[PDB]
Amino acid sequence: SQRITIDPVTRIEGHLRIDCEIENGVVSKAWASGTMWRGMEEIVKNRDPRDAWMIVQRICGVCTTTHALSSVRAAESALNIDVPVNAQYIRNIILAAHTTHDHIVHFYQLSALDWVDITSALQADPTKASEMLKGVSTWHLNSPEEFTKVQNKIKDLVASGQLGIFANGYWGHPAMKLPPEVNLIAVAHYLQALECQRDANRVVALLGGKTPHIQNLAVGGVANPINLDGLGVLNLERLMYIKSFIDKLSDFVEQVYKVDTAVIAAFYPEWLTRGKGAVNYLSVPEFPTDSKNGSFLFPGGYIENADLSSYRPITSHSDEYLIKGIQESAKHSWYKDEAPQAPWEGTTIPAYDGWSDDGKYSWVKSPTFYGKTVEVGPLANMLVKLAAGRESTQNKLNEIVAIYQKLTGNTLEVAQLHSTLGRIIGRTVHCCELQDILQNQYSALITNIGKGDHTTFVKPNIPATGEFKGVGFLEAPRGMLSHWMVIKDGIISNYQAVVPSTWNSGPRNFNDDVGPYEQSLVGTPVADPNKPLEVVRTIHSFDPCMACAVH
């Protein structure tokens, strides 16, 4: 075979190395390696439980908000605190708006240059490009004039001889299949996406106090002071401002991002037949709407062996079956204790000994669910929603399939979703459905305040003796997140984060089974082993976050 290394993998969060053995131009075996560790679990230990969320939020600034929310949920779990409903509405708006930013940036700024050739875009006829979208999109910024302005920006960049982030891209690679016109469409949308994601983060900032790294949470609720009639607090004027940005997100999401997802699939149909990472999938329900940390707007569940018809629903973040199944191993990771550990009993003892193909090769641990490898993230969350018969999800998928069918003459079957493109589709579906989450929760907040409920925070008490345990679940942009806190004598005695990219990117496990990234790469064609674009295509579809995976 031939052995390649891709190090660094760019257009991800953090530091990732991918190695592949290639046989006759097909990947036969792969290794995923998180190459940077900070020890965030040890850093947060031995502190007041109330302080954890501000520290562990810094696990990641791409998926900002997520670790903050999971941390407060974990402490509230340990302490048996029911969060006020207004605090849930606010937490939910933040998570949904953040995830809108996150997914948009992933499709465009992180992923599109795997599929889009900017050199080819320079050859495009902008009027032909605009005509291709007639009856496929109603977006107001697909005119030839817009596309010509974008083309000229690329022209000027290339002419300057300073290509910057575009230098040495995979232009003319044999796996680049788009016509010039679709390349130009995609670049115009790449630039337009930056305005939409900015508006999404304006929603986050107005409730969080800033972004990246929100600062409005607390163990017990939120720090936003609700007072419609108060100066300098969360009043009606501020809520109206939030709404003005919520309303700005839908058109781009529905008329650009959703449409481009179908267009990419239409031109890359072989990518519906590779990149399967697992046969088991897990998601947690998300967006609680009652006064007892439940009544989720999105459902969760566990699918085994790709059988949607017999999946197991998960409706509670206190589900004992979910909690008891989660373990992590470090057999092939650079930690000392190798046997599978339940996170409340987890250790994170560094034991770096260099790279070994058959030994330790990553700072990511290997999570399992009742001993099985599991893929998490938007593919998992879409398939669970389909298995639950959620009509909103089926309808949104059907809209993408309808565009794809208009362009190809073909439909998409669920079997084809267990793939690189299916994973991208699940993420787009999630972003689309999150716009309704935002409208729903804004309306819920306005209604509840109008009923006279301005409560936001329940002050915790933390017993100074005893040992007790909590877990906070959250369905993050990249999949199920859980933070596991043990409190002893009033301080954090153990903290373990099991993060979605940990599930997907973790190395071979205690039984040497292969996790999603590594499994997904088997069978990848590599036309040019010096420029393995095809490998990065599949890896990017998981939206790797290695600060998350390793922490």
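For every residue, the number given is its place in the sequence shown, counted from 1.
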> If you average the Cα B factors in the entry, which is higher, 353 to 361 or 373 to 381?
Replying inline: 353 to 361
>> Averaging CA B factors per stretch from the PDB record, which one is higher: 215 to 223 or 401 to 409?
In response: 401 to 409
> In this PDB entry, which of 71, 197, 162, 111 has the top CA B-factor?
Replying inline: 162
> Based on the PDB record, which member of 259, 204, 121, 236 exhibits the highest Cα temperature factor?
Replying inline: 121
> residue 540's Cα B-factor: lowest, middle or highest third of the chain?
Replying inline: lowest
> Is the Cα B-factor recorded for residue 6 in the lowest, middle or highest third of its chain?
Replying inline: middle
> Lowest, middle or highest third: where is residue 37 by C-alpha B factor in its chain?
Replying inline: lowest
>> Taking only the Cα B-factors deposited for this chain, tell me whether residue 488 sits in the lowest, middle or highest third.
In response: highest
>> Per the entry's values, where does residue 510 land by CA temperature factor relative to the rest of its chain, in the lowest, middle or highest third?
In response: highest
